[PDB]
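The chain that follows stands alone, in the form deposited in one PDB entry, written as structure tokens.
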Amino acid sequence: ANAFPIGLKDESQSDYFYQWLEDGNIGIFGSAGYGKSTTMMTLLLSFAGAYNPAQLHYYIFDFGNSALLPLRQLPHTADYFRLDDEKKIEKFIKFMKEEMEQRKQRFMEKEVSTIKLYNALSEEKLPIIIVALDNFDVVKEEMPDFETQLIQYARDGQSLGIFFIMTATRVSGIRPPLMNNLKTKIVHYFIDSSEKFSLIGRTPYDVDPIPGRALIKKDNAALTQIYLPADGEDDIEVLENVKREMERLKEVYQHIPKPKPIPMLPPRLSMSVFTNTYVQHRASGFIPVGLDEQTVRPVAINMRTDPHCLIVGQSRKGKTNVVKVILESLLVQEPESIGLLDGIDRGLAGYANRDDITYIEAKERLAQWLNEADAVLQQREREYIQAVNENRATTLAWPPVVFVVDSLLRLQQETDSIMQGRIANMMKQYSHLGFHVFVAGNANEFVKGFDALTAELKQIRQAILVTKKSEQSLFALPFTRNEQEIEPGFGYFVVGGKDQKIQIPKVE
């Protein structure tokens, strides 16, 4: 449970025990082909057998030669990193900074120093995070940014319940801060004599003749034979039984929730893949518009609280795509009617033939749809008023009567003062009775328009921007000089003052 036996000490004989937490970070050292990765594999499997996946999280950085590739199958492993996975390692650095910062807040909120205290008092436990790193030499030379973070994890992490394990072929070159934080040190055979001398550490010879100066030996070193991770007579038999060992851990920890992999944005994102894999909420009155940039989770429009939405931007392709993302997501719901007013370019002609979609082009056809829409909304208004006057609980949600517009300029041309005022009144009257409006156009069109219809649209506080925040005077948002360019399938989701970057999926 606590004392993990990792090897047989040379002197009957007793096992060398590694105390949980107390013995701190582990530092595996030695020349090539002397059991650095086996010691790594023995440690990680030993801890996995005692603690749950929910209690113990691994993040294996295998930069050696795929020696820790079997450990990828473990339920304890959150993610597995290689030298080629640079973008994944960069995100991990961001993840740990946020995770450590969040930990420090929770510790300070409940007035505690160590993780052992926090988990004891708090009912919701935090997982122990071991950062396994095979081959430190390659990190030392080729990855100085990651090296800086590894020193921070070893120093500050242990108190927050974030331990660190690493193998290294050349100790001469490792910084004293990193070396000192490595509490436990497993030292395998070395070829060079100079490499051994540095691992001896402080001795009574280091003590100068000064009253008060002294060496404090906590515990003596021990010559130990490290156990193999599984029984076997050769490398293949051990590797086979190591696989069989993990199959048991998978079976034993079946109901225990597994750790989340590091969230990553795909290079290409379609609507079909977005709806199937990522979108796993499928709630009524929620239109998923795209994945968040940082967290990589579906962001959605709450139709009950925020019924209307603007699609602002210069890009014709960008706006039209966002309309299709909304139309596709609206079809998953059970709408009463959808009045699609397409622009002068007939881009959304494919949605015309589909069910529950009235394709609008001329002015006369728009008037017919407004009559059908208003007739339904008038009935809902009666049921709402009758419910309040009879002291009854009002209906929570209705089938959405949506009015999608691909072009604001086309809407103004196809309507007059009377018809524009009618639509504006419908928004004022029926916004709480399942009426929705999705307009698309340039930023200046909303601002320049002082007509009855456009005056109502400019007051809508929710929007999907497919343009820069600096290049619009509609929503007062935070921005800077060095703002990111608006590439295809990228925009901002504005709602209730706040905003966030999102990856908008392409509708084929």
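Numbers follow the displayed sequence, beginning with 1.
Unmodelled deposited residues between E487 and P488: none, 1 to 3, 4 to 9, or 10 or more?
-> Per the deposited record, the segment joining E487 and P488 has no missing residues.
Higher mean Cα B-factor in the deposited model: 107 to 115 or 151 to 159?
-> Of 151 to 159 and 107 to 115, the stretch with the higher C-alpha B-factor average is 107 to 115.
Can you let me know which of the two, 388 to 396 or 331 to 339, has the higher average C-alpha B-factor in the entry?
-> Stretch with the higher mean C-alpha B-factor: 388 to 396.
Specify which of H436, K324, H76, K363 carries the largest Cα B factor in the deposited PDB entry.
-> Out of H436, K324, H76, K363, the record gives the largest C-alpha B-factor to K363.
By the entry's C-alpha temperature factors, tell me which of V401, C309, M426, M143 sits highest.
-> Comparing C-alpha B-factors across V401, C309, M426, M143, the top value belongs to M143.
Sorting the chain's modelled residues by C-alpha B-factor, tell me whether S37 ends up in the lowest, middle or highest third.
-> CA B-factor rank for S37: lowest third.
C-alpha B factor of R282, ranked within the chain: lowest, middle or highest third?
-> Answer is highest: the recorded C-alpha B-factor places it there.
Would you mind checking where the Cα B-factor of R244 ranks among the modelled residues of its chain, as the lowest, middle or highest third?
-> Answer is highest: the recorded C-alpha B-factor places it there.
If you rank the chain by CA B-factor, which third does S270 end up in: lowest, middle or highest?
-> Highest third - that is where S270 ends up once the chain's C-alpha B-factors are sorted.
Ranked C-alpha temperature factor of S12 among modelled chain residues, by third | Answer is highest: the recorded C-alpha B-factor places it there.
Here the subject shifts to the form deposited in another entry, a form of this protein not shown in this document.
If the CA atoms of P176 and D206 move by 3 Å or more in the other entry, do they move toward each other or away, so closer or farther than here?
-> Here the pair is closer than in the other entry; there, farther apart.
Are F190 and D206 closer or farther apart at the Cα level in the other entry than shown, by 3 Å or more?
-> Closer together, which means the C-alphas of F190 and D206 are at least 3 Å nearer in the other entry.
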